[PDB]
Amino acid sequence: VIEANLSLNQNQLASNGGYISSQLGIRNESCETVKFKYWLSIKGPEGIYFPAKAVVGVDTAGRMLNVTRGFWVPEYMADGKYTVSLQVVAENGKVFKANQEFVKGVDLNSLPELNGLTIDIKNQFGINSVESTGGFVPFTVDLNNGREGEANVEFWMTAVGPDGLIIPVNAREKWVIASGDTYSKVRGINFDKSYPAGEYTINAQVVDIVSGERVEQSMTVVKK
Amino acid sequence: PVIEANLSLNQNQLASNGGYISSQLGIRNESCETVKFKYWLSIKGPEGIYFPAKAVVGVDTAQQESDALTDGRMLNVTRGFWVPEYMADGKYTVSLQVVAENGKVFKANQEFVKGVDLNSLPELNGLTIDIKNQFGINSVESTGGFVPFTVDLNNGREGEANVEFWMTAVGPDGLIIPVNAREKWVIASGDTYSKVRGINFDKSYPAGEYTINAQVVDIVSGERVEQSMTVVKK
Ligand SMILES: [Cl-]
């Protein structure tokens with residue numbers, strides 16, 4: 001019905017930021033013509049959300065839409081990982097999204113880290129959705145202390161979902177991790193049948209309580 | 001309304017060094033029959049902070065377990081949490097949330113502040129930020145509606161303020177809808193920048209909660225302040 005595609009000309013910025021040029025493709029492939037609205041937005045660390053392209057309505061009367069849109073990422077924005085999202089909502093309510101990530105001030109293919117303490121938190125089996133009748137999704141957590149000295153860390157997780165829900169996934173834990181050691185666990189969330197349908201962001205936070213620096217890791221699961 | 005939830009905090013104002021907040025949680029069954037539900041207490045704060053009220057000494061292995069209340073009866077529990085110094089100064093929302101077995105959601109929220117005054121506008125060092133749902137429209141019909149917001153930035157500094165401003169609506173299905181494009185304003189000392197910007201919720205947008213999120217940046221100091229307001233599409 002609609003196929004959305006997003007390409008970024010570049011994916012890695014230095015700490016001072018820079019310019020990213022986006023190529024947007026929206027294809028109406030089906031037999032019927034289609035009306036939709038679309039826009040381009042960015043999500044980043046520290047609760048940053050910002051627009052790159054305003055809401056525009058399109059009636060494919062179908063064609064193929066190709067648009068280039070760039071945006072500046074200023075130095076003041078936090079170093080870390082950002083997600084650019086081309087979003088389309090069709091007249092019938094169907095939602096289509098094409099996302100791409102860029103990083104600022106950190107390496108694209110490295111684990112997030114707090115000055116030598118690396119944070120490896122993953123959706124263990126890559127389960128991106130669960131049935132409306134319920135399902136369970138396990139996550140792996142590995143905090144590896146690559147420093148010469150000990151790391152004093154705090155860790156927790158919530159599920160930020162529909163209807164303003166913020167569901168606890170992992171209570172606040174505190175660990176003193178020796179040099180060279182790793183804190184490892186697997187933690188799952190059971191999505192009970194009663195939880196509302198929609199998108200949940202599994203939000204993991206790790207803090208070095210000595211430096212006071214905090215790193216967040218966000219992972220999406222949809223309940224159908 | 002099967003369930004009635006209530007929350008109170010023992011204090012609503014912390015210094016920048018943080019502190020300890022005790023909460024009183026009340027969940028009453030108003031229905032004529034037994035109700036089964038799950039409930040939890042969570043906190044949302046500045047800089048994208050979200051955290052659960054619970055802290056454990058070792059490894060958290062607990063499940064989110066259901067409770068039940070027979071006709072007329074009530075659950076009263078107390079929960080406390082530490083707000084560490086490292087957490088950003090600003091406004092926090094504590095939310096008691098209840099999900100009944102039937103899928104119905106009930107919430108009771110209270111706010112506290114850390115390192116800022118309780119009854120004062122959000123501010124960037126003398127530049128105050130006053131952003132409001134203009135007519136107090138908290139929801140729109142599933143068939144669509146429009147909600148205007150007032151924006152007033154008062155520069156109480158001695159020199160001019162250089163700011164960047166934008167708004168989005170963070171909604172269901174991972175939507176982040178542009179509301180106000182990124183603009184840069186130069187505001188003289190003593191002046192107020194005022195505008196009105198609204199968002200049209202098209203009929204086609206998904207039902208559920210939208211957080212209208214306004215962000216203001218002092219582009220000289222690099223400091224950023226957010227203001228979040230909720231609109232529900234039925
Ligand atoms: Cl205290």
Side-chain angles (χ1 to χ4, degrees), chain A residues 36-37 39-43 45-55 57 74-76 85 87 89-93 95 97 154 156-158 160 162-174 185 187 189-190 192-196 198-199 201 203 205 207 209 212-214 216 220, chain B residues 37-38 40 42-44 46-60 62-64 66 81 84-86 95 97 99-103 105 107 164 166-168 170 172-182 200 202 204-206 208-209 213 215 217 219 222-224 226 230:
Chain A
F36 61 91
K37 299 183 191 309
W39 50 84
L40 186 69
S41 294
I42 288 83
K43 165 177 183 58
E46 295 183 349
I48 284 159
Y49 292 96
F50 67 91
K53 191 175 184 308
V55 175
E75 180 273 341
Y76 69 72
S85 189
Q87 310 190 330
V89 182
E91 181 180 9
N92 74 347
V95 173
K97 295 175 288 168
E154 190 169 3
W156 64 85
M157 302 173 67
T158 56
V160 181
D163 302 335
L165 293 182
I166 302 166
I167 314 184
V169 169
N170 202 112
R172 301 165 56 182
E173 298 184 11
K174 294 165 61 63
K185 81 178 298 186
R187 179 53 167 164
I189 166 169
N190 179 48
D192 186 77
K193 186 198 178 191
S194 68
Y195 293 179
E199 192 173 297
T201 304
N203 180 302
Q205 312 250 2
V207 181
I209 65 133
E213 303 292 340
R214 179 170 57 90
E216 172 192 275
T220 298
Chain B
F37 57 92
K38 300 172 183 302
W40 45 82
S42 292
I43 301 88
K44 159 180 184 62
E47 299 183 348
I49 283 160
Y50 292 91
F51 64 98
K54 175 179 136 211
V56 294
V57 190
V59 181
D60 185 28
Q63 309 301 337
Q64 204 58 63
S66 288
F81 58 91
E85 181 161 0
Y86 65 71
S95 184
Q97 309 189 327
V99 180
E101 193 193 358
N102 70 1
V105 173
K107 291 178 288 176
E164 184 169 12
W166 64 86
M167 305 172 68
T168 63
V170 180
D173 300 339
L175 297 181
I176 304 155
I177 314 182
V179 171
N180 197 107
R182 296 168 60 184
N200 181 48
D202 186 73
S204 62
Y205 294 179
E209 180 174 307
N213 175 259
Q215 312 232 349
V217 183
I219 62 193
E223 302 310 295
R224 177 174 57 94
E226 307 180 34
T230 299

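Chain naming here is simple, since letters A, B, ... match the order of the sequence lines and numbering starts at 1 in each.
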Checking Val169(A) against chain B: side chain, backbone, both or neither under 4.5 Å from a heavy atom? backbone
Heavy atoms only, distances under 4.5 angstrom: which of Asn102(B), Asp202(B), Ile43(B), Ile219(B) has the most pairs with chain A? Name it, please. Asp202(B)
Looking at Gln64(B), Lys44(B), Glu85(B), which makes the most heavy-atom pairs under 4.5 Å with chain A? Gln64(B)
Side chain, backbone, both or neither: which part of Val105(B) has a heavy atom under 4.5 Å from chain A? side chain
Might you point out which heavy atoms bring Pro178(B) and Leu40(A) nearest each other, and give the distance in Å? CG-O, 4.2 Å
Between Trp39(A) and the options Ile176(B), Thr168(B), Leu175(B), the side-chain contact (heavy atoms from CB on, under 4.5 Å) test singles out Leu175(B)
Taking every non-hydrogen pair under 4.5 Å, which of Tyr205(B), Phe37(B), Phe81(B) racks up the most with chain A? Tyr205(B)
Count the heavy-atom pairs under 4.5 Å between each of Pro45(A), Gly57(A), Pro162(A), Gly93(A) and chain B, then report the option with the highest count. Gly93(A)
Is it the backbone or the side chain of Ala53(B) that comes under 4.5 Å from a heavy atom of chain A, or both, or neither? neither
Which atoms of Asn180(B) approach chain A - backbone, side chain, both or neither, heavy atom under 4.5 Å: backbone
Which atom names give the shortest non-hydrogen contact between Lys97(A) and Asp173(B), and what distance separates them? NZ-O, 3.0 Å
Looking at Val207(A), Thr220(A), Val55(A), which one has more heavy-atom pairs under 4.5 Å with chain B than the rest? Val207(A)
For residues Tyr49(A) and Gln215(B), report the shortest heavy-atom separation together with the two atoms involved. N-NE2, 3.8 Å
Answer with side chain, backbone, both or neither: which region of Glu226(B) has an atom nearer than 4.5 Å to a non-hydrogen atom of chain A? side chain
Minimal non-hydrogen separation, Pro51(A) against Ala181(B), with atom names: CG-CA, 4.2 Å
CZ on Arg187(A) to CG on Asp60(B), rounded to 0.5 Å: 4.0 Å
Options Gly222(B), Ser95(B), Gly208(B), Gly174(B), ranked by heavy-atom pairs under 4.5 Å with chain A, top entry: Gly174(B)
Interface residue of largest heavy-atom contact number with chain A, from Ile177(B), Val99(B), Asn213(B), under 4.5 Å: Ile177(B)
Is it the backbone or the side chain of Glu91(A) that comes under 4.5 Å from a heavy atom of chain B, or both, or neither? backbone
Atom CD of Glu154(A) and atom OH of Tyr86(B): how far apart are they, to the nearest 0.5 Å? 3.5 Å
Go through the atoms of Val170(B) and report whether side chain, backbone, both or neither lie under 4.5 Å from a heavy atom of chain A. side chain
Looking only at heavy atoms, which two atoms of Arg214(A) and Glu47(B) are closest? And how far apart? NH2-O, 2.8 Å
If you tally heavy-atom pairs under 4.5 Å against chain B, which of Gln87(A), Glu199(A), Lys37(A) wins? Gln87(A)
